[PDB]
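Residue numbers (full-length UniProt numbering), protein chains in the order written: chain A, 6 to 292; chain B, 8 to 293; chain C, 8 to 291; chain D, 8 to 291; chain E, 8 to 296; chain F, 1 to 40, 43 to 111; chain G, 1 to 108; chain H, 1 to 111. Virtual Cβ for every residue (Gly too), placed ideally from N, Cα, C. Let me begin by presenting the structure, written as structure tokens, before commenting on it.
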Amino acid sequence: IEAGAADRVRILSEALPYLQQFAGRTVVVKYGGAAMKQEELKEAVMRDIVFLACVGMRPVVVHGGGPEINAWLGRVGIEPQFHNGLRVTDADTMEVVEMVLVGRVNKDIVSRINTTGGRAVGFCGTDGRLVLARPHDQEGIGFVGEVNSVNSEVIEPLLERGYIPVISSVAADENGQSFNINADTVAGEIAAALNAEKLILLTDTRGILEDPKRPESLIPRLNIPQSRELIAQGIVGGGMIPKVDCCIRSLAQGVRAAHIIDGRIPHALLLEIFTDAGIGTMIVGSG
Amino acid sequence: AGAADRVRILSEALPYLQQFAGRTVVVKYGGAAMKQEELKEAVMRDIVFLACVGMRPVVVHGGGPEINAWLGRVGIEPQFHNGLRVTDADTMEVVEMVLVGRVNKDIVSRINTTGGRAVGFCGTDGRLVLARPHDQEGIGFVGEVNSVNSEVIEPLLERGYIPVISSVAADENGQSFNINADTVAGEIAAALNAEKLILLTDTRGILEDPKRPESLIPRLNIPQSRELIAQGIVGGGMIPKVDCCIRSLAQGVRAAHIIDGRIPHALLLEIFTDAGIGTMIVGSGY
Amino acid sequence: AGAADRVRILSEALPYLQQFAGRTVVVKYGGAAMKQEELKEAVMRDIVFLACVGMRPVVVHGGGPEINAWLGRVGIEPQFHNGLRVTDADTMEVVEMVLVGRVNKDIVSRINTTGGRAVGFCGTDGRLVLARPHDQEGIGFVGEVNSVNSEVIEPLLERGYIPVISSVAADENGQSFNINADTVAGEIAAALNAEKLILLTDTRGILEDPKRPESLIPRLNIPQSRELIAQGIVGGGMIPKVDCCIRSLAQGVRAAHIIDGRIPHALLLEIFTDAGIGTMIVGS
Amino acid sequence: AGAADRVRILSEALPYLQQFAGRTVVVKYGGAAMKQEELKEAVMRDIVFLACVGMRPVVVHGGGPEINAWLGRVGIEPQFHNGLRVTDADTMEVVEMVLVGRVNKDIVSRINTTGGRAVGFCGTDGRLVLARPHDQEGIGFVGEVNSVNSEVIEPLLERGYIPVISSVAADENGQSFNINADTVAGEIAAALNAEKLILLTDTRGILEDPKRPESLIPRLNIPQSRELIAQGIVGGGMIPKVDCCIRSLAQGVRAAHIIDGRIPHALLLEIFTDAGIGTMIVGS
Amino acid sequence: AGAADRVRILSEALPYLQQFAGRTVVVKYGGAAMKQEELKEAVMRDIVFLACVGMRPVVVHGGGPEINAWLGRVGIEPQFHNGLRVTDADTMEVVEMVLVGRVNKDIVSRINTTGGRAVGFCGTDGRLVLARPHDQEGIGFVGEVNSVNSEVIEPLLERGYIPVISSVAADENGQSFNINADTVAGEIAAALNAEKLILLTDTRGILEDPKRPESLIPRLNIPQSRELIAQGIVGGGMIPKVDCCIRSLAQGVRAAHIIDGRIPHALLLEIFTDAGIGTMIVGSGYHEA
Amino acid sequence: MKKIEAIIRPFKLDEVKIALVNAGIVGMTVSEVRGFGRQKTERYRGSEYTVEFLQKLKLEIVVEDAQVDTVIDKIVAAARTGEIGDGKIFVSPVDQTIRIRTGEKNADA
Amino acid sequence: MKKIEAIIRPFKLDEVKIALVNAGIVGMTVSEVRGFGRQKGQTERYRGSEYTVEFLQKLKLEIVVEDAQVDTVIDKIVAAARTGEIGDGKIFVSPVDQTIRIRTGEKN
Amino acid sequence: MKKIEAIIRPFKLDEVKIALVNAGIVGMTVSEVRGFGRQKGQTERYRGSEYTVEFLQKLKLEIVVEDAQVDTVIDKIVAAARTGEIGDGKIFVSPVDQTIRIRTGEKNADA
Ligand SMILES: CC(=O)N[C@@H](CCC(=O)O)C(=O)O
Ligand SMILES: CC(=O)N[C@@H](CCC(=O)O)C(=O)O
Ligand SMILES: CC(=O)N[C@@H](CCC(=O)O)C(=O)O
Ligand SMILES: CC(=O)N[C@@H](CCC(=O)O)C(=O)O
Ligand SMILES: CC(=O)N[C@@H](CCC(=O)O)C(=O)O
Ligand SMILES: [Cl-]
Ligand SMILES: [Cl-]
Ligand SMILES: [Cl-]
Ligand code: NA
Ligand code: NA
Ligand code: NA
Ligand code: NA
Ligand code: NA
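And the structure:
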């Protein structure tokens with residue numbers, strides 16, 4: 006007997022163990038692909054990030070934005086070019102990359118978090134030398150960078166005070182030249198720097214499948230040697246290789262867990278953190 | 008794929024989580040919520056939830072029924088005058104042992120195993136509450152709150168602990184006094200400048216027409232509450248509860264809630280839902 | 008022994024160093040100082056100097072010319088109504104990309120390589136500046152400063168970082184707005200309770216007689232500034248600059264300077280010399 | 008329309024200011040720098056400059072000549088065993104009064120009026136320096152530094168004060184001892200883990216050939232310095248100075264400078280110029 | 008058994024220890040307390056005791072007799088104009104050397120070896136005291152306290168050190184001035200918002216009838232003190248001491264004590280006993296009419 | 001022309017302000033104040051007090067003679083809790099009012 | 001009916017309060033204030049320092065009283081707050097038209 | 001005899017004080033105050049932000065003066081405190097019956 010309607014409450018109460026498990030922990034999310042393209046997914050990502058902060062965790066958003074860049078390159082008469090995964094980026098292209106990622110996309114994210122009620126602060130690597138860039142090993146592709154160093158001093162106090170850093174993947178040379186860095190690898194390095202509990206890559210895939218020709222042979226949990234074996238067996242292929250490499254490289258530096266998850270589904274973040282639903286593969290440095 | 012959407016019931020909770028971020032909530036835990044196992048477990052889970060989610064719950068409690076049981080075991084007969092327990096020297100000793108020793112540690116213990124970090128006090132610990140004798144005379148060592156000093160518990164609150172406070176407090180000379188738990192809860196709230204005082208009660212809240220259940224008044228202010236008392240609409244043991252709310256609101260507590268502790272998860276229902284589990288009384292309206 | 012000296016000059020700077028110890032200085036960096044390479048390099052060296060010597064520089068900037076160049080590259084036409092840029096949805100997107108993305112990071116980058124530690128914001132970062140639509144209508148997404156929240160930048164200032172702030176800020180609902188950089192600089196100054204607001208300008212300061220370029224007024228107060236406006240002695244695009252100074256001074260900024268950004272090391276010349284590179288306006 | 012363009016010079020000082028930002032510099036002030044009015048005024052100006060510009064100057068001093076004057080006024084004859092002052096009970100009383108009471112407060116006083124904030128200690132204040140008797144017997148109350156406790160001065164340094172330390176320190180039982188000011192300076196430097204120890208000296212530095220004015224050795228390391236001693240190229244009263252530098256470097260002070268205090272602004276010349284006012288000895 | 012109801016005494020001190028927990032006490036150390044060895048040792052032990060037990064002692068001192076001895080050794084003849092020392096350029100130099108150099112470090116030194124941690128200043132250190140010339144002209148470099156800045160010693164106090172302050176302070180241009188140590192003690196007390204100012208003196212306190220002890224007045228307030236001056240009951244060199252107390256009380260110091268430094272452990276006797284070693288003056292104004 | 005000082009409970013500020021603005025009241029100052037107004043005890047942050055000073059707010063408005071009664075009613079209604087410590091209102095004469103930026107004057111009673 | 005404002009030395013609050021309560025004075029407010037009052041080319045001592053024209057921390061004490069009570073209340077304040085040193089403060093007396101208790105509505 | 005209360009912009013204190021002292025004004029108190037003077041259609045700027053109806057930090061300056069001095073004191077305050085921007089403040093003039101110096105007892109009930 007006898008009143009009331011929603012029990013949001015029982016579900017709320019059931020979230021306790023998960024809330025308890027990651028209290029105060031740092032979570033670095035690489036936001037891109039479909040989660041960034043489609044409006045519904047994008048709104049949910051912003052709501053989940055705000056949720057995480059509000060509930061006592063420390064979300065960090067890292068992003069790039071290939072499609073958005075392509076659109077602007079088109080508007081200026083430049084034709085998009087790629088060399089095995091990485092964007093071929095000349096002086097002219099680099100200017101646009103910078104303007105799009107730092108100026109437009111970054112402030113779209115900060116802006117949305119702000120109106121959802123979080124307090125977001127947008128950086129690129131060059132702000133406070135958060136990320137120092139060096140040229141990527143791959144020659145002949147212009148100003149594509151590798152992360153030479155990360156200095157988290159600029160964002161740590163902000164994190165302690167409850168702000169949500171939103172970090173674009175562009176970073177300056179030690180001489181001031183901007184470089185285009187792959188956002189996954191920036192996310193992994195920030196995670197390593199922050200000694201993060203989780204690195205989460207929002208991805209256009211279901212995770213890692215053991216058999217591609219068998220939709221949900223989804224591998225829930227892998228460790229490093231196991232991941233290596235999958236690469237060597239070609240089970241992990243194409244554009245999944247750099248993603249796995251990025252996870253391994255981050256885990257080896259002490260990040261507790263790396264998640265390659267399906268950003269194509271609404272609320273992917275909350276689904277990963279607070280559910281046992283199979284939205285992706287966790288890769289760990291342990292067991 | 009996938010089965011539970013706990014997730015979107017989670018996402019919908021956001022505005023409520025945002026609304027009370029960092030805010031202090033003083034809950035007076037008693038009655039059915041304390042008697043039945045089902046409700047007791049939920050109360051502990053709710054308190055732990057509030058802390059975990061960034062709010063600052065404070066539990067205040069008494070335990071009339073548990074006292075009665077012990078008095079019976081020692082050959083003392085329970086006695087009451089107008090709501091308050093007639094407590095002589097002998098009775099006071101038992102009251103103290105039950106409330107401070109047994110009931111308090113049951114609450115602290117349960118929060119601890121639920122994964123919170125509770126610390127149990129009574130008024131005499133760090134002079135949290137200084138007692139003076141109650142105005143009603145001939146009822147023995149029944150106390151009124153003479154002063155509250157929150158210095159002992161706020162650093163603990165800042166650090167995320169859950170204070171659990173029993174309603175017993177010492178005289179300035181060391182004599183224990185039995186204080187009504189509602190009024191202790193109200194004064195702690197006032198001291199902490201709390202966002203909410205919430206009384207877990209054995210009633211639906213305040214009914215406008217006591218003969219009709221649907222007449223539950225969701226929101227009242229002070230003059231309105233006074234007007235209900237004067238009209239006899241608020242009566243019996245609801246009067247001291249309303250008085251305690253008014254007294255607390257006047258000292259700057261933002262809102263007081265008289266809610267139905269007989270229902271599982273009453274706390275979460277009040278904080279995070281628009282369900283009618285009680286009456287909110289505010290110092291500003293209507 | 009002994010070549011340059013170089014030390015006497017250094018020793019003579021003491022009273023100026025002493026005078027502004029720990030003080031906050033908000034510099035609006037624009038016009039020629041931003042266009043020409045020599046001046047630009049000197050501005051960055053001066054900002055780094057101020058920090059390094061114990062003061063608290065804050066750089067605020069816009070960048071009209073560099074916006075124009077990009078608008079051109081995308082087939083959009085530059086358009087202005089009485090000083091303010093007419094900025095539609097499409098234009099606003101480019102304004103944002105240029106100011107926040109390109110110009111802001113050029114400044115941050117250069118300070119960094121000069122040896123300072125710069126951090127670049129726009130109004131929307133941490134809600135540093137909340138925008139509202141400008142009173143002037145039919146000019147699109149031109150903003151006014153609705154509120155400033157300095158909480159995001161002062162711990163950074165405490166720690167010795169140089170905030171570099173672009174004049175773009177979001178609406179309460181997330182819509183970007185284009186705000187005039189002088190007015191942003193004035194409001195940041197007011198928020199920070201700054202010692203000085205300095206506008207780097209393409210003029211000598213305020214002249215008593217426009218035909219007589221040696222007629223520079225070194226010091227003015229508010230009522231005096233108002234009289235000059237009313238007499239037409241201050242005119243054209245000098246009016247909004249003076250208004251911005253007055254508005255800032257009334258909120259408690261100690262002094263406002265309209266100085267000549269066309270001259271190398273304008274900043275140091277103002278702070279550490281008695282050279283006439285501009286007009287100081289004070290609240291007394 | 009410029010004039011005293013002190014500004015290029017000021018801008019050029021940036022790399023030096025950057026290089027020693029926040030660093031601690033312990034200066035032993037004595038000799039001609041302390042005797043002549045012009046030099047003295049410049050020393051005080053340079054110390055105040057260093058603090059004001061973000062560094063952490065510490066002044067350590069003795070004052071042999073001043074002591075001699077007072078001993079004369081009281082009918083005591085000055086006496087020296089090789090380098091060190093022969094100081095009996097009576098002499099020690101005067102040494103204390105002169106160094107702690109007169110000379111120390113002259114320095115503190117002048118820094119204060121130049122706009123710094125100086126605080127004067129001797130070793131006995133807060134047990135900054137605990138004295139033990141010097142190894143050399145028969146010379147009375149000459150001390151060595153037994154221990155240094157920097158706890159008393161480092162909060163003061165953190166708050167921007169300029170400690171001025173006289174070289175007198177008490178025994179563990181309360182007896183004052185006279186310590187050589189170079190060695191006190193070196194030990195304070197070691198305690199503070201100082202960036203530099205600078206000795207203001209009545210010499211050009213260390214000459215590679217005492218009779219070649221431009222033979223000034225600009226930079227030495229420890230084994231090199233040892234070699235110069237063993238070859239007699241460093242002799243007389245330069246030996247203890249070099250020893251004191253070596254002793255200090257071995258404890259972790261980055262660089263020790265023996266410089267010409269006879270020249271105005273010696274301090275700034277060393278820190279902010281590449282002029283040859285002395286020899287730097289390093290632990291590298 | 009004992010010999011050990013040393014405890015009973017220790018336990019009885021409790022209320023006094025409770026009363027002044029954490030409080031600041033500025034003691035002007037001079038006269039016989041400073042001359043005789045037994046009294047001197049006890050003063051240093053009492054100061055160390057106060058700190059160790061949680062209070063915050065500050066020692067302020069001059070040293071007229073010591074100065075006289077040194078003036079003599081240099082061929083200078085001591086000279087006074089009604090209380091204040093006539094101090095020319097030459098005399099000023101010696102005053103400085105004696106008070107700052109010799110006497111101050113004797114105090115600091117002794118506290119240190121008794122197990123406290125003393126730090127010695129004069130007014131010029133950190134501009135603790137800024138001097139201006141005294142109103143009385145023709146007496147050379149005698150100063151008045153122009154300002155006090157306690158920023159230099161506050162943190163030291165917070166950290167449990169015992170400041171020992173000599174009464175010499177510089178002009179704003181750098182010239183040393185000789186200030187009366189009572190008045191320096193009173194102004195430091197005011198600056199520190201001290202609980203007590205205590206003057207160690209060569210008198211029993213204030214006697215009601217001076218040609219008869221002990222008409223010792225235990226407690227006075229301001230109007231009452233003024234009354235005693237106007238009636239001549241407080242006279243001679245007691246006037247400036249009372250003036251200094253009044254001046255300090257009016258600035259918010261809770262109580263001023265003129266006590267007998269001639270008796271061993273005068274300080275503890277005052278703080279922890281109800282013994283009559285002096286007169287307490289408080290800032291109230293109750294005198295009847 | 002009259003000055004109205006109302007000593008009020010701090011939490012009541014916003015409610016009283018809203019009532020006054022709605023009654024057409026334009027200018028207003030608040031200051032922090034401690035007070036006691038004792039009939040027989044007052045509660046404050048949980049404690050009982052008799053004669054000690056308790057944190058309250060002093061709200062000051064200047065108003066036309068004719069507006070006085072309704073402004074009082076408005077304040078009383080907005081600030082009352084019915085518990086001891088509710089505060090007091092004082093009415094006193096004002097001769098003249100000057101706006102600093104315009105120089106504009108005013109004289110009523 | 002009169003308002004009495006007394007600017008006083010902060011440490012004097014308790015003594016003045018006690019004098020007023022004993023004189024039968026019931027309601028009272030204090031606020032923190034800075035002031036300067038002095039002449040005639042003569043200095044106020046505050047926290048050890050000399051001041052001429054700068055604002056020094058004082059307390060403003062306000063009471064409302066019956067016309068007949070004014071003189072004895074003044075005497076009472078003067079006697080309780082006086083030290084005789086510069087900086088003792090001032091008392092101002094001004095008219096009050098009306099008094100209203102907020103909880104009862106009772107006019108005076 | 002009149003009391004003059006001036007609500008002013010905090011930074012203006014020193015300039016107003018100097019103007020008053022020079023006008024021969026002797027005694028003076030300041031207190032910290034929050035205020036709003038809300039001319040509708042118009043917001044006040046304070047530390048960068050726009051405000052309509054919220055309380056903003058100001059200073060309350062109080063002097064007691066002779067009837068004859070009132071007009072020139074007002075002029076002096078107005079001239080010293082004005083910026084021309086909204087938020088400049090207000091001056092109130094009210095009667096004072098009597099003045100007593102605490103240390104001397106000297107009462108001013110001017111004629
Ligand atoms: C080097 C490189 O390819 N950078 C990416 C950045 C975008 C992202 O990582 O999402 C690019 O498209 O230019
Ligand atoms: C005085 C009094 O009646 N105390 C209550 C305490 C329990 C409660 O109120 O919850 C009692 O039962 O003794
Ligand atoms: C509104 C407006 O015109 N903004 C400027 C940018 C900032 C500035 O240059 O001051 C513009 O040129 O678009
Ligand atoms: C021991 C000794 O000779 N001390 C030095 C004082 C300190 C110094 O100047 O080095 C002296 O001449 O007495
Ligand atoms: C001015 C003056 O008389 N100074 C004192 C020293 C300080 C003191 O002992 O009071 C003196 O005898 O010279
Ligand atoms: Cl009341
Ligand atoms: Cl006076
Ligand atoms: Cl206005
Ligand atoms: Na999971
Ligand atoms: Na609800
Ligand atoms: Na200048
Ligand atoms: Na050099
Ligand atoms: Na005593």
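Which residues DSSP lists as bridging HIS88 (chain E), in chain order: E:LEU91
| message | Against chain H, does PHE11 (chain G) count as a neighbour if the rule is that its beta carbon must be under 8 Å from one of theirs? | response | no
Notebook entry, point to check: Looking only at DSSP bridge pairs, what is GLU5 (chain H) linked to?
Noted result: H:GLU62 and H:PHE92
* Going by C-alpha distance, which of E:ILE146, E:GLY90 and E:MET99 is nearest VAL81 (chain E)? -> E:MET99
Along chain G, in chain order, which residues have C-beta atoms closer than 9 Å to that of residue 41 (chain F)? A gap in chain F, from 40 straight to 43, means residue 41 (chain F) has no coordinates in the model shown.
Quiz item: Do we get a CB-CB distance below 8 Å when we pair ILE63 (chain G) with the residues of chain H?
Solution: Cβ-Cβ to chain H under 8 Å: no for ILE63 (chain G).
With 16 as the cutoff for other CB atoms within 10 Å, does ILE213 (chain D) come out buried or exposed? buried
(request) Check whether the Cβ atoms of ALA176 (chain D) and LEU137 (chain D) lie closer than 8 Å to each other. (result) Taking 8 Å as the Cβ cut-off, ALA176 (chain D) and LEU137 (chain D) qualify as a contacting pair.
* Which runs of the beta strand (DSSP E) spanning at least 3 residues fall entirely within the segment 86 to 149 of chain C, listed in chain order? -> 125 to 129 and 136 to 140
Leaving out five residues before and five after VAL159 (chain D) in sequence, what residues of the same chain have Cβ atoms less than 8 Å from its Cβ?
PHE128, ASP132, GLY133, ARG134 and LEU135
Check: Which residues are close to ligand 5, meaning CB closer than 5 Å to any heavy atom, in chain order?
Finding: E:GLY69, E:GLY71, E:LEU91, E:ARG92, E:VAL149, E:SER174, E:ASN185, E:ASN187 and E:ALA188
Next item on the list: Using three-state DSSP, classify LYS42 (chain A) as helix, strand or coil.
Entry: Three-state DSSP puts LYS42 (chain A) in a helix.
- Task: Could you check if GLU44 (chain H) is buried or exposed, using at least 16 other CB atoms within 10 Å of its CB as the buried criterion?
- Result: buried
Does the beta-carbon distance from residue 2 (chain A) to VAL93 (chain A) come in below 8 Å? Since the first residue shown for chain A is 6 and the last is 292, residue 2 (chain A) is missing from the structure and cannot be characterised.
Q. Thinking just about the alpha-carbon of each residue, which of B:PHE27, B:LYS112 and B:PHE87 is nearest to the one in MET51 (chain B)?
A. When only C-alpha atoms are compared, the closest one is B:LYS112.
query: Residue range of the alpha helix (DSSP H) that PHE279 (chain D) falls in?
result: 273 to 279
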